[PDB]
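Q: Next comes final-v9.pdb, PDB, C-alpha atoms and all ligand atoms:
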ATOM      1  CA  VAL A   1      12.270 -12.722   7.761  1.00  0.00           C
ATOM      2  CA  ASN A   2       8.664 -11.523   8.098  1.00  0.00           C
ATOM      3  CA  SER A   3       6.010 -14.182   9.011  1.00  0.00           C
ATOM      4  CA  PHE A   4       3.760 -13.958   5.881  1.00  0.00           C
ATOM      5  CA  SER A   5       1.692 -17.043   5.208  1.00  0.00           C
ATOM      6  CA  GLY A   6      -0.746 -18.238   2.602  1.00  0.00           C
ATOM      7  CA  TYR A   7       0.376 -15.940  -0.226  1.00  0.00           C
ATOM      8  CA  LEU A   8       0.296 -17.079  -3.889  1.00  0.00           C
ATOM      9  CA  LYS A   9       3.486 -16.478  -5.921  1.00  0.00           C
ATOM     10  CA  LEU A  10       2.882 -14.279  -9.051  1.00  0.00           C
ATOM     11  CA  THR A  11       6.483 -13.499 -10.046  1.00  0.00           C
ATOM     12  CA  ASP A  12      10.031 -13.774  -8.654  1.00  0.00           C
ATOM     13  CA  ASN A  13       9.318 -10.983  -6.091  1.00  0.00           C
ATOM     14  CA  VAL A  14       5.492 -10.372  -6.052  1.00  0.00           C
ATOM     15  CA  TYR A  15       3.076 -12.368  -3.879  1.00  0.00           C
ATOM     16  CA  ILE A  16      -0.673 -11.969  -3.407  1.00  0.00           C
ATOM     17  CA  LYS A  17      -3.426 -12.938  -0.958  1.00  0.00           C
ATOM     18  CA  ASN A  18      -7.161 -12.231  -0.372  1.00  0.00           C
ATOM     19  CA  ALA A  19      -6.915 -10.471   3.004  1.00  0.00           C
ATOM     20  CA  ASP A  20      -7.512  -7.130   4.700  1.00  0.00           C
ATOM     21  CA  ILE A  21      -4.107  -5.374   4.975  1.00  0.00           C
ATOM     22  CA  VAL A  22      -5.107  -4.155   8.493  1.00  0.00           C
ATOM     23  CA  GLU A  23      -5.567  -7.750   9.703  1.00  0.00           C
ATOM     24  CA  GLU A  24      -2.401  -8.894   7.947  1.00  0.00           C
ATOM     25  CA  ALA A  25      -0.406  -6.092   9.643  1.00  0.00           C
ATOM     26  CA  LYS A  26      -1.841  -6.906  13.097  1.00  0.00           C
ATOM     27  CA  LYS A  27      -0.906 -10.550  12.750  1.00  0.00           C
ATOM     28  CA  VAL A  28       2.448 -10.362  10.936  1.00  0.00           C
ATOM     29  CA  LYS A  29       3.791  -7.071  12.425  1.00  0.00           C
ATOM     30  CA  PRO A  30       6.016  -6.601   9.303  1.00  0.00           C
ATOM     31  CA  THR A  31       9.075  -4.395   8.999  1.00  0.00           C
ATOM     32  CA  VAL A  32       7.134  -2.126   6.608  1.00  0.00           C
ATOM     33  CA  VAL A  33       3.409  -1.663   5.956  1.00  0.00           C
ATOM     34  CA  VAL A  34       2.460   0.585   3.008  1.00  0.00           C
ATOM     35  CA  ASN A  35      -0.375   3.059   3.501  1.00  0.00           C
ATOM     36  CA  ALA A  36      -2.420   4.312   0.510  1.00  0.00           C
ATOM     37  CA  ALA A  37      -2.015   7.947   1.557  1.00  0.00           C
ATOM     38  CA  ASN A  38      -3.080  11.306   0.117  1.00  0.00           C
ATOM     39  CA  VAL A  39      -0.677  14.313  -0.011  1.00  0.00           C
ATOM     40  CA  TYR A  40      -2.099  15.780   3.219  1.00  0.00           C
ATOM     41  CA  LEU A  41      -1.794  12.490   5.190  1.00  0.00           C
ATOM     42  CA  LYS A  42      -5.520  12.813   6.058  1.00  0.00           C
ATOM     43  CA  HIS A  43      -6.407   9.198   6.844  1.00  0.00           C
ATOM     44  CA  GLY A  44     -10.196   9.270   6.542  1.00  0.00           C
ATOM     45  CA  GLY A  45     -11.283   6.250   4.565  1.00  0.00           C
ATOM     46  CA  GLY A  46     -10.182   3.235   2.566  1.00  0.00           C
ATOM     47  CA  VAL A  47      -6.872   1.618   3.568  1.00  0.00           C
ATOM     48  CA  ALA A  48      -5.658   4.834   5.277  1.00  0.00           C
ATOM     49  CA  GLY A  49      -8.763   5.207   7.450  1.00  0.00           C
ATOM     50  CA  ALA A  50      -8.661   1.533   8.402  1.00  0.00           C
ATOM     51  CA  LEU A  51      -4.936   1.506   9.323  1.00  0.00           C
ATOM     52  CA  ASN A  52      -5.324   4.739  11.301  1.00  0.00           C
ATOM     53  CA  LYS A  53      -8.310   3.367  13.287  1.00  0.00           C
ATOM     54  CA  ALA A  54      -6.261   0.260  14.168  1.00  0.00           C
ATOM     55  CA  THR A  55      -3.608   2.588  15.696  1.00  0.00           C
ATOM     56  CA  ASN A  56      -6.274   4.327  17.872  1.00  0.00           C
ATOM     57  CA  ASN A  57      -5.617   7.559  15.835  1.00  0.00           C
ATOM     58  CA  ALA A  58      -1.879   7.639  16.735  1.00  0.00           C
ATOM     59  CA  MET A  59      -1.001   7.461  13.010  1.00  0.00           C
ATOM     60  CA  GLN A  60      -3.094  10.641  12.355  1.00  0.00           C
ATOM     61  CA  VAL A  61      -1.506  12.550  15.319  1.00  0.00           C
ATOM     62  CA  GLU A  62       2.009  11.703  14.037  1.00  0.00           C
ATOM     63  CA  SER A  63       1.000  12.538  10.453  1.00  0.00           C
ATOM     64  CA  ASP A  64      -0.375  15.987  11.415  1.00  0.00           C
ATOM     65  CA  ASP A  65       2.945  16.828  13.186  1.00  0.00           C
ATOM     66  CA  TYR A  66       4.825  15.692  10.019  1.00  0.00           C
ATOM     67  CA  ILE A  67       2.694  17.918   7.711  1.00  0.00           C
ATOM     68  CA  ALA A  68       2.953  20.903  10.113  1.00  0.00           C
ATOM     69  CA  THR A  69       6.796  20.614   9.824  1.00  0.00           C
ATOM     70  CA  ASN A  70       7.290  19.551   6.179  1.00  0.00           C
ATOM     71  CA  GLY A  71       4.172  20.468   4.191  1.00  0.00           C
ATOM     72  CA  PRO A  72       2.373  18.039   1.880  1.00  0.00           C
ATOM     73  CA  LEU A  73       3.855  15.157  -0.052  1.00  0.00           C
ATOM     74  CA  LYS A  74       3.920  15.096  -3.871  1.00  0.00           C
ATOM     75  CA  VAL A  75       1.551  12.770  -5.837  1.00  0.00           C
ATOM     76  CA  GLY A  76       3.907   9.824  -6.584  1.00  0.00           C
ATOM     77  CA  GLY A  77       5.937  10.489  -3.399  1.00  0.00           C
ATOM     78  CA  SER A  78       6.283   8.962   0.029  1.00  0.00           C
ATOM     79  CA  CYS A  79       7.469   9.377   3.595  1.00  0.00           C
ATOM     80  CA  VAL A  80       8.541   6.882   6.287  1.00  0.00           C
ATOM     81  CA  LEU A  81       6.804   7.234   9.667  1.00  0.00           C
ATOM     82  CA  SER A  82       6.220   4.882  12.656  1.00  0.00           C
ATOM     83  CA  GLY A  83       4.221   1.667  12.132  1.00  0.00           C
ATOM     84  CA  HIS A  84       2.832   1.992  15.710  1.00  0.00           C
ATOM     85  CA  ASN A  85       1.251  -1.357  16.780  1.00  0.00           C
ATOM     86  CA  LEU A  86       1.020  -2.592  13.132  1.00  0.00           C
ATOM     87  CA  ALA A  87       4.622  -2.684  11.866  1.00  0.00           C
ATOM     88  CA  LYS A  88       8.094  -1.266  12.587  1.00  0.00           C
ATOM     89  CA  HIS A  89       7.555   1.436   9.930  1.00  0.00           C
ATOM     90  CA  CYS A  90       4.705   2.760   7.776  1.00  0.00           C
ATOM     91  CA  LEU A  91       5.686   3.864   4.252  1.00  0.00           C
ATOM     92  CA  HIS A  92       2.960   6.428   3.314  1.00  0.00           C
ATOM     93  CA  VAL A  93       2.779   6.340  -0.507  1.00  0.00           C
ATOM     94  CA  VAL A  94       0.636   8.667  -2.630  1.00  0.00           C
ATOM     95  CA  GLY A  95      -0.733   7.062  -5.770  1.00  0.00           C
ATOM     96  CA  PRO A  96      -2.703   9.263  -8.219  1.00  0.00           C
ATOM     97  CA  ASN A  97      -6.413   9.717  -7.469  1.00  0.00           C
ATOM     98  CA  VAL A  98      -8.083   9.482 -10.903  1.00  0.00           C
ATOM     99  CA  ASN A  99     -11.398  10.703  -9.349  1.00  0.00           C
ATOM    100  CA  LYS A 100      -9.549  14.062  -8.786  1.00  0.00           C
ATOM    101  CA  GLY A 101      -8.055  14.048 -12.370  1.00  0.00           C
ATOM    102  CA  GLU A 102      -4.486  13.107 -11.244  1.00  0.00           C
ATOM    103  CA  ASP A 103      -2.199  11.651 -13.919  1.00  0.00           C
ATOM    104  CA  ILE A 104      -2.223   7.782 -13.981  1.00  0.00           C
ATOM    105  CA  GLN A 105       1.462   7.922 -15.179  1.00  0.00           C
ATOM    106  CA  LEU A 106       2.338   8.886 -11.593  1.00  0.00           C
ATOM    107  CA  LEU A 107       1.392   5.330 -10.508  1.00  0.00           C
ATOM    108  CA  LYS A 108       4.786   4.035 -11.702  1.00  0.00           C
ATOM    109  CA  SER A 109       6.571   6.793  -9.633  1.00  0.00           C
ATOM    110  CA  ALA A 110       4.470   5.761  -6.616  1.00  0.00           C
ATOM    111  CA  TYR A 111       5.546   2.109  -6.866  1.00  0.00           C
ATOM    112  CA  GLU A 112       9.224   3.129  -7.285  1.00  0.00           C
ATOM    113  CA  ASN A 113       9.153   4.120  -3.580  1.00  0.00           C
ATOM    114  CA  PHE A 114       8.841   0.414  -2.717  1.00  0.00           C
ATOM    115  CA  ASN A 115      12.357  -0.235  -4.087  1.00  0.00           C
ATOM    116  CA  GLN A 116      13.909   1.519  -1.078  1.00  0.00           C
ATOM    117  CA  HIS A 117      12.752  -1.357   1.228  1.00  0.00           C
ATOM    118  CA  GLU A 118      13.721  -5.038   1.036  1.00  0.00           C
ATOM    119  CA  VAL A 119      10.273  -6.406   1.907  1.00  0.00           C
ATOM    120  CA  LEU A 120       6.850  -4.776   2.292  1.00  0.00           C
ATOM    121  CA  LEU A 121       3.193  -5.569   3.080  1.00  0.00           C
ATOM    122  CA  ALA A 122       1.160  -3.417   0.647  1.00  0.00           C
ATOM    123  CA  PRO A 123      -2.220  -2.657  -0.908  1.00  0.00           C
ATOM    124  CA  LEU A 124      -2.787  -2.140  -4.680  1.00  0.00           C
ATOM    125  CA  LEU A 125      -2.024   1.539  -5.193  1.00  0.00           C
ATOM    126  CA  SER A 126      -4.615   3.878  -6.741  1.00  0.00           C
ATOM    127  CA  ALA A 127      -7.304   1.113  -6.509  1.00  0.00           C
ATOM    128  CA  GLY A 128     -10.516   1.402  -4.429  1.00  0.00           C
ATOM    129  CA  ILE A 129     -11.537   4.978  -3.677  1.00  0.00           C
ATOM    130  CA  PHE A 130      -8.587   6.331  -5.735  1.00  0.00           C
ATOM    131  CA  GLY A 131     -10.495   5.289  -8.903  1.00  0.00           C
ATOM    132  CA  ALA A 132      -7.837   3.516 -11.052  1.00  0.00           C
ATOM    133  CA  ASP A 133      -8.156   0.096 -12.751  1.00  0.00           C
ATOM    134  CA  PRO A 134      -6.801  -2.527 -10.278  1.00  0.00           C
ATOM    135  CA  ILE A 135      -5.663  -4.846 -13.124  1.00  0.00           C
ATOM    136  CA  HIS A 136      -3.481  -1.972 -14.379  1.00  0.00           C
ATOM    137  CA  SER A 137      -2.219  -1.285 -10.822  1.00  0.00           C
ATOM    138  CA  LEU A 138      -1.009  -4.933 -10.436  1.00  0.00           C
ATOM    139  CA  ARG A 139       0.753  -4.750 -13.878  1.00  0.00           C
ATOM    140  CA  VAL A 140       2.564  -1.521 -12.927  1.00  0.00           C
ATOM    141  CA  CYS A 141       3.549  -3.130  -9.568  1.00  0.00           C
ATOM    142  CA  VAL A 142       5.046  -6.250 -11.212  1.00  0.00           C
ATOM    143  CA  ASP A 143       6.863  -4.166 -13.875  1.00  0.00           C
ATOM    144  CA  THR A 144       8.269  -1.577 -11.394  1.00  0.00           C
ATOM    145  CA  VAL A 145       8.958  -3.132  -7.966  1.00  0.00           C
ATOM    146  CA  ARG A 146      12.191  -5.254  -7.675  1.00  0.00           C
ATOM    147  CA  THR A 147      12.049  -5.817  -3.869  1.00  0.00           C
ATOM    148  CA  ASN A 148       9.770  -8.405  -2.167  1.00  0.00           C
ATOM    149  CA  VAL A 149       6.158  -7.229  -2.065  1.00  0.00           C
ATOM    150  CA  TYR A 150       3.239  -9.024  -0.333  1.00  0.00           C
ATOM    151  CA  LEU A 151      -0.048  -7.664  -1.752  1.00  0.00           C
ATOM    152  CA  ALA A 152      -3.164  -7.892   0.395  1.00  0.00           C
ATOM    153  CA  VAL A 153      -6.326  -7.607  -1.778  1.00  0.00           C
ATOM    154  CA  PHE A 154      -9.483  -7.065   0.264  1.00  0.00           C
ATOM    155  CA  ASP A 155     -12.155  -7.937  -2.342  1.00  0.00           C
ATOM    156  CA  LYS A 156     -12.397 -11.720  -3.158  1.00  0.00           C
ATOM    157  CA  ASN A 157     -13.952 -11.210  -6.580  1.00  0.00           C
ATOM    158  CA  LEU A 158     -11.129  -8.764  -7.511  1.00  0.00           C
ATOM    159  CA  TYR A 159      -8.484 -11.195  -6.101  1.00  0.00           C
ATOM    160  CA  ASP A 160      -9.851 -14.010  -8.305  1.00  0.00           C
ATOM    161  CA  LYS A 161      -9.985 -11.712 -11.360  1.00  0.00           C
ATOM    162  CA  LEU A 162      -6.370 -10.498 -10.742  1.00  0.00           C
ATOM    163  CA  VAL A 163      -4.939 -14.037 -10.506  1.00  0.00           C
ATOM    164  CA  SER A 164      -6.990 -15.457 -13.417  1.00  0.00           C
ATOM    165  CA  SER A 165      -6.164 -12.654 -15.848  1.00  0.00           C
ATOM    166  CA  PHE A 166      -2.456 -12.253 -14.903  1.00  0.00           C
TER
HETATM  167  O1  LIG A 201      -7.915  -4.512  -2.017  1.00  0.00           O
HETATM  168  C1  LIG A 201      -8.642  -4.424  -2.957  1.00  0.00           C
HETATM  169  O2  LIG A 201      -9.565  -5.302  -3.236  1.00  0.00           O
HETATM  170  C2  LIG A 201      -8.697  -3.177  -3.791  1.00  0.00           C
HETATM  171  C3  LIG A 201      -9.612  -2.149  -3.113  1.00  0.00           C
HETATM  172  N1  LIG A 201      -9.272  -2.096  -1.686  1.00  0.00           N
HETATM  173  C4  LIG A 201      -9.704  -1.098  -0.898  1.00  0.00           C
HETATM  174  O3  LIG A 201     -10.298  -0.124  -1.358  1.00  0.00           O
HETATM  175  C5  LIG A 201      -9.494  -1.237   0.575  1.00  0.00           C
HETATM  176  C6  LIG A 201     -10.213  -0.409   1.436  1.00  0.00           C
HETATM  177  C7  LIG A 201     -10.224  -0.639   2.800  1.00  0.00           C
HETATM  178  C8  LIG A 201      -9.507  -1.707   3.340  1.00  0.00           C
HETATM  179  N2  LIG A 201      -9.596  -2.087   4.710  1.00  0.00           N
HETATM  180  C9  LIG A 201     -10.704  -1.910   5.514  1.00  0.00           C
HETATM  181  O4  LIG A 201     -11.589  -1.089   5.266  1.00  0.00           O
HETATM  182  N3  LIG A 201     -10.648  -2.559   6.699  1.00  0.00           N
HETATM  183  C10 LIG A 201     -11.819  -2.602   7.579  1.00  0.00           C
HETATM  184  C11 LIG A 201     -11.630  -2.970   8.999  1.00  0.00           C
HETATM  185  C12 LIG A 201     -11.969  -1.568   8.629  1.00  0.00           C
HETATM  186  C13 LIG A 201      -8.738  -2.499   2.485  1.00  0.00           C
HETATM  187  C14 LIG A 201      -8.736  -2.264   1.124  1.00  0.00           C
HETATM  188  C15 LIG A 201     -11.079  -2.460  -3.394  1.00  0.00           C
HETATM  189  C16 LIG A 201     -11.917  -2.949  -2.397  1.00  0.00           C
HETATM  190  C17 LIG A 201     -13.252  -3.220  -2.663  1.00  0.00           C
HETATM  191  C18 LIG A 201     -13.758  -3.043  -3.938  1.00  0.00           C
HETATM  192  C19 LIG A 201     -12.941  -2.583  -4.960  1.00  0.00           C
HETATM  193  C20 LIG A 201     -13.576  -2.445  -6.324  1.00  0.00           C
HETATM  194  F1  LIG A 201     -13.749  -1.183  -6.608  1.00  0.00           F
HETATM  195  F2  LIG A 201     -12.725  -2.876  -7.301  1.00  0.00           F
HETATM  196  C21 LIG A 201     -11.613  -2.268  -4.670  1.00  0.00           C
END
Now, as a test, write the supplied structure out as C-alpha cells.

A:
Amino acid sequence: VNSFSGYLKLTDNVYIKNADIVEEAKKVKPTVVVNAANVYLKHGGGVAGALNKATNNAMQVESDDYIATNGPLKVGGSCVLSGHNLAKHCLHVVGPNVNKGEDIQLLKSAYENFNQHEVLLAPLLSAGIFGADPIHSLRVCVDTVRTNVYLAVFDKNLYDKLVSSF
C-alpha cells in the first residue's frame, strides 16, 4: 500500500491530482515513480530535469552508466533503475516527442510499460515539452493501463480541463 492522498477517481484503476510529481514522490516515496525520459536518459528539463535535480544528480550518474553499457532506449520503451531518495524504483518511459516528429501511435506502446507494475506514480506521457495533446494522453492512459496509476498533473488549468472534459 502506497500512501497516496487527495486523488480523484477517474476509472476503476486511474486516479488524478493537481500536484508536482517531484513533490508527490518526496512525500509518498512510492514503490515506482515514472520518469518522462528521452532515449538517451538525458534528464535536462521538464519532469526528467526536476526529478533528477531532486536526487542531487544521482539519477543522471546512474543513467549515464546504464547508457554506456546498454545503448539508448527505443521510443515507446522503458527501463527500471533506482528511485534514489524519491521511490524504490524509477521506471524511465519514453513517450514520443511530437516536436521531433516522432509517431504519436507510440504513446500507446509507452503506456503499456506501466502494466508490468502493480501501482505507479506517473506524469501524463508526451505532454509538456514533448508536444502532444494532454487530453489525448489521458485517453490513451485510461484505455491502455490496467494496473493502478496515480497521475500527478502540474498545471491547474490543465487538471481542471482534463477532469471536466473526461
Ligand atoms: O503535468 C502537466 O500539467 C502536464 C505538463 N507537465 C509538465 O510539463 C511538467 C514539467 C515539470 C514538472 N515538474 C517541475 O518542473 N518541478 C519543479 C520543481 C522543479 C512537472 C510537470 C504541462 C505543464 C505545464 C503546462 C502544460 C501545457 F502545455 F499544457 C503542460

Q: Measure the distance from atom CA of residue 19 of chain A to atom CA of residue 154 of chain A in Å and round it to one decimal.

A: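 These two atoms are separated by 5.1 Å.
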
Q: For a test of reading the model, state the distance in Å between atom CA of residue 139 of chain A and atom CA of residue 98 of chain A, rounded to one decimal.

A: 17.0 Å

Q: Nearest residue to ligand LIG 201 (chain A) out of A:163, A:141, A:58, A:158, using only C-alpha atoms and all ligand atoms?

A: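 Nearest candidate to ligand LIG 201 (chain A) out of A:163, A:141, A:58, A:158: A:158.
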
Q: Assuming the chain letters and numbering stay as they are in my file, what does the PyMOL selection byres (((not hetatm)) within 10 of (chain A and resi 201)) actually select? List them as a PyMOL selection string.

A: chain A and resi 17-23+36+45-54+122-135+137+151-159+162

Q: Using only C-alpha atoms, please write the residues we just selected to a file, as an mmCIF file, in the frame of the given file.

A:
data_model
loop_
_atom_site.group_PDB
_atom_site.id
_atom_site.type_symbol
_atom_site.label_atom_id
_atom_site.label_comp_id
_atom_site.auth_asym_id
_atom_site.auth_seq_id
_atom_site.Cartn_x
_atom_site.Cartn_y
_atom_site.Cartn_z
ATOM 1 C CA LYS A 17 -3.426 -12.938 -0.958
ATOM 2 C CA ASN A 18 -7.161 -12.231 -0.372
ATOM 3 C CA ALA A 19 -6.915 -10.471 3.004
ATOM 4 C CA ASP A 20 -7.512 -7.130 4.700
ATOM 5 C CA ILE A 21 -4.107 -5.374 4.975
ATOM 6 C CA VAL A 22 -5.107 -4.155 8.493
ATOM 7 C CA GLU A 23 -5.567 -7.750 9.703
ATOM 8 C CA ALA A 36 -2.420 4.312 0.510
ATOM 9 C CA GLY A 45 -11.283 6.250 4.565
ATOM 10 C CA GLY A 46 -10.182 3.235 2.566
ATOM 11 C CA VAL A 47 -6.872 1.618 3.568
ATOM 12 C CA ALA A 48 -5.658 4.834 5.277
ATOM 13 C CA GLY A 49 -8.763 5.207 7.450
ATOM 14 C CA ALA A 50 -8.661 1.533 8.402
ATOM 15 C CA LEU A 51 -4.936 1.506 9.323
ATOM 16 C CA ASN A 52 -5.324 4.739 11.301
ATOM 17 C CA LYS A 53 -8.310 3.367 13.287
ATOM 18 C CA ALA A 54 -6.261 0.260 14.168
ATOM 19 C CA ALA A 122 1.160 -3.417 0.647
ATOM 20 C CA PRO A 123 -2.220 -2.657 -0.908
ATOM 21 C CA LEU A 124 -2.787 -2.140 -4.680
ATOM 22 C CA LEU A 125 -2.024 1.539 -5.193
ATOM 23 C CA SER A 126 -4.615 3.878 -6.741
ATOM 24 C CA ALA A 127 -7.304 1.113 -6.509
ATOM 25 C CA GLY A 128 -10.516 1.402 -4.429
ATOM 26 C CA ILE A 129 -11.537 4.978 -3.677
ATOM 27 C CA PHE A 130 -8.587 6.331 -5.735
ATOM 28 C CA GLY A 131 -10.495 5.289 -8.903
ATOM 29 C CA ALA A 132 -7.837 3.516 -11.052
ATOM 30 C CA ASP A 133 -8.156 0.096 -12.751
ATOM 31 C CA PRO A 134 -6.801 -2.527 -10.278
ATOM 32 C CA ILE A 135 -5.663 -4.846 -13.124
ATOM 33 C CA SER A 137 -2.219 -1.285 -10.822
ATOM 34 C CA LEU A 151 -0.048 -7.664 -1.752
ATOM 35 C CA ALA A 152 -3.164 -7.892 0.395
ATOM 36 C CA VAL A 153 -6.326 -7.607 -1.778
ATOM 37 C CA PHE A 154 -9.483 -7.065 0.264
ATOM 38 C CA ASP A 155 -12.155 -7.937 -2.342
ATOM 39 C CA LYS A 156 -12.397 -11.720 -3.158
ATOM 40 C CA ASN A 157 -13.952 -11.210 -6.580
ATOM 41 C CA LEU A 158 -11.129 -8.764 -7.511
ATOM 42 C CA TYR A 159 -8.484 -11.195 -6.101
ATOM 43 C CA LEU A 162 -6.370 -10.498 -10.742
#

Q: Record the distance separating atom CA of residue 120 of chain A and atom CA of residue 37 of chain A, expressed in Å with one decimal.

A: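 So the answer is 15.5 Å.
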
Q: Return the single residue from A:39, A:110, A:119, A:90 that is closest to residue 73 of chain A, with distances computed using only C-alpha atoms.

A: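 Of A:39, A:110, A:119, A:90, the one nearest residue 73 of chain A is A:39, counting only C-alpha atoms.
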
Q: Let me know the residues the PyMOL selection byres (((chain A and resi 114-116) around 6) and not hetatm) catches in the file above, as a PDB file with C-alpha atoms, in the frame of the given file.

A:
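Result file part-v9.pdb:
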ATOM      1  CA  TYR A 111       5.546   2.109  -6.866  1.00  0.00           C
ATOM      2  CA  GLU A 112       9.224   3.129  -7.285  1.00  0.00           C
ATOM      3  CA  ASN A 113       9.153   4.120  -3.580  1.00  0.00           C
ATOM      4  CA  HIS A 117      12.752  -1.357   1.228  1.00  0.00           C
ATOM      5  CA  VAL A 145       8.958  -3.132  -7.966  1.00  0.00           C
ATOM      6  CA  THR A 147      12.049  -5.817  -3.869  1.00  0.00           C
TER       7      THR A 147
END

Q: Could you tell me which residues the PyMOL selection byres (((chain A and resi 2) around 10) and not hetatm) returns for this structure, as a PyMOL selection string?

A: chain A and resi 1+3-5+28-32+119-121

Q: Check the smallest atom-to-atom distance from each of A:82, A:165, A:13, A:148 to residue 55 of chain A using only C-alpha atoms, then report the winner.

A: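 The closest residue to residue 55 of chain A is A:82.
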
Q: Neighbouring residues of segment 76-81 of chain A were defined as those with any atom within 8 Å, considering only C-alpha atoms; residues of the same chain fewer than 2 positions away were excluded. Please report them as a list in words.

A: residues 62, 63, 73, 74, 83, 89, 90, 91, 92, 93, 94, 95, 96, 106, 107, 108, 109, 110, 111 and 113 of chain A

Q: Give the centre and edge lengths of an axis-aligned box, in Å to one decimal, that holds all listed atoms of segment 128-140 of chain A with 6 Å on each side, as JSON.

A:
{"center_x": -4.5, "center_y": 0.7, "center_z": -9.0, "size_x": 26.1, "size_y": 23.3, "size_z": 22.7}

Q: Taking into account all atoms listed in the file, which residue in the set A:104, A:33, A:86, A:7 is nearest to residue 118 of chain A?

A: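 Ranked by minimum distance to residue 118 of chain A, first place goes to A:33.
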
Q: Some atoms are absent from segment 89-100 of chain A, so rebuild N, CA, C and O atoms and return them as a PDB file, in the frame of the given file.

A:
ATOM      1  N   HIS A  89       7.736   0.180  10.647  1.00  0.00           N
ATOM      2  CA  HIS A  89       7.555   1.436   9.930  1.00  0.00           C
ATOM      3  C   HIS A  89       6.326   1.423   9.059  1.00  0.00           C
ATOM      4  O   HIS A  89       5.912   0.357   8.573  1.00  0.00           O
ATOM      5  N   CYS A  90       5.742   2.600   8.775  1.00  0.00           N
ATOM      6  CA  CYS A  90       4.705   2.760   7.776  1.00  0.00           C
ATOM      7  C   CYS A  90       5.264   3.617   6.645  1.00  0.00           C
ATOM      8  O   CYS A  90       5.699   4.744   6.890  1.00  0.00           O
ATOM      9  N   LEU A  91       5.286   3.086   5.416  1.00  0.00           N
ATOM     10  CA  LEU A  91       5.686   3.864   4.252  1.00  0.00           C
ATOM     11  C   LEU A  91       4.373   4.435   3.666  1.00  0.00           C
ATOM     12  O   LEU A  91       3.565   3.683   3.093  1.00  0.00           O
ATOM     13  N   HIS A  92       4.134   5.759   3.839  1.00  0.00           N
ATOM     14  CA  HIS A  92       2.960   6.428   3.314  1.00  0.00           C
ATOM     15  C   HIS A  92       3.251   6.743   1.872  1.00  0.00           C
ATOM     16  O   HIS A  92       4.138   7.563   1.602  1.00  0.00           O
ATOM     17  N   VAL A  93       2.550   6.123   0.936  1.00  0.00           N
ATOM     18  CA  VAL A  93       2.779   6.340  -0.507  1.00  0.00           C
ATOM     19  C   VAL A  93       1.575   6.924  -1.170  1.00  0.00           C
ATOM     20  O   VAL A  93       0.470   6.441  -0.926  1.00  0.00           O
ATOM     21  N   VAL A  94       1.737   7.990  -1.952  1.00  0.00           N
ATOM     22  CA  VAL A  94       0.636   8.667  -2.630  1.00  0.00           C
ATOM     23  C   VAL A  94       0.529   8.240  -4.094  1.00  0.00           C
ATOM     24  O   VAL A  94       1.350   8.641  -4.908  1.00  0.00           O
ATOM     25  N   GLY A  95      -0.421   7.372  -4.388  1.00  0.00           N
ATOM     26  CA  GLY A  95      -0.733   7.062  -5.770  1.00  0.00           C
ATOM     27  C   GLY A  95      -1.658   8.141  -6.331  1.00  0.00           C
ATOM     28  O   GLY A  95      -2.358   8.819  -5.577  1.00  0.00           O
ATOM     29  N   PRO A  96      -1.764   8.291  -7.651  1.00  0.00           N
ATOM     30  CA  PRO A  96      -2.703   9.263  -8.219  1.00  0.00           C
ATOM     31  C   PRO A  96      -4.144   8.880  -7.935  1.00  0.00           C
ATOM     32  O   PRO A  96      -4.523   7.704  -7.985  1.00  0.00           O
ATOM     33  N   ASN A  97      -4.972   9.905  -7.678  1.00  0.00           N
ATOM     34  CA  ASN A  97      -6.413   9.717  -7.469  1.00  0.00           C
ATOM     35  C   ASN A  97      -7.062  10.183  -8.791  1.00  0.00           C
ATOM     36  O   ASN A  97      -7.158  11.382  -9.099  1.00  0.00           O
ATOM     37  N   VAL A  98      -7.488   9.197  -9.595  1.00  0.00           N
ATOM     38  CA  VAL A  98      -8.083   9.482 -10.903  1.00  0.00           C
ATOM     39  C   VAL A  98      -9.434  10.167 -10.739  1.00  0.00           C
ATOM     40  O   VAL A  98      -9.809  10.980 -11.601  1.00  0.00           O
ATOM     41  N   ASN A  99     -10.132   9.981  -9.586  1.00  0.00           N
ATOM     42  CA  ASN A  99     -11.398  10.703  -9.349  1.00  0.00           C
ATOM     43  C   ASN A  99     -11.140  12.217  -9.171  1.00  0.00           C
ATOM     44  O   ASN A  99     -12.048  13.020  -9.385  1.00  0.00           O
ATOM     45  N   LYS A 100      -9.902  12.633  -8.850  1.00  0.00           N
ATOM     46  CA  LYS A 100      -9.549  14.062  -8.786  1.00  0.00           C
ATOM     47  C   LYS A 100      -8.831  14.563 -10.076  1.00  0.00           C
ATOM     48  O   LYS A 100      -8.375  15.708 -10.110  1.00  0.00           O
TER      49      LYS A 100
END
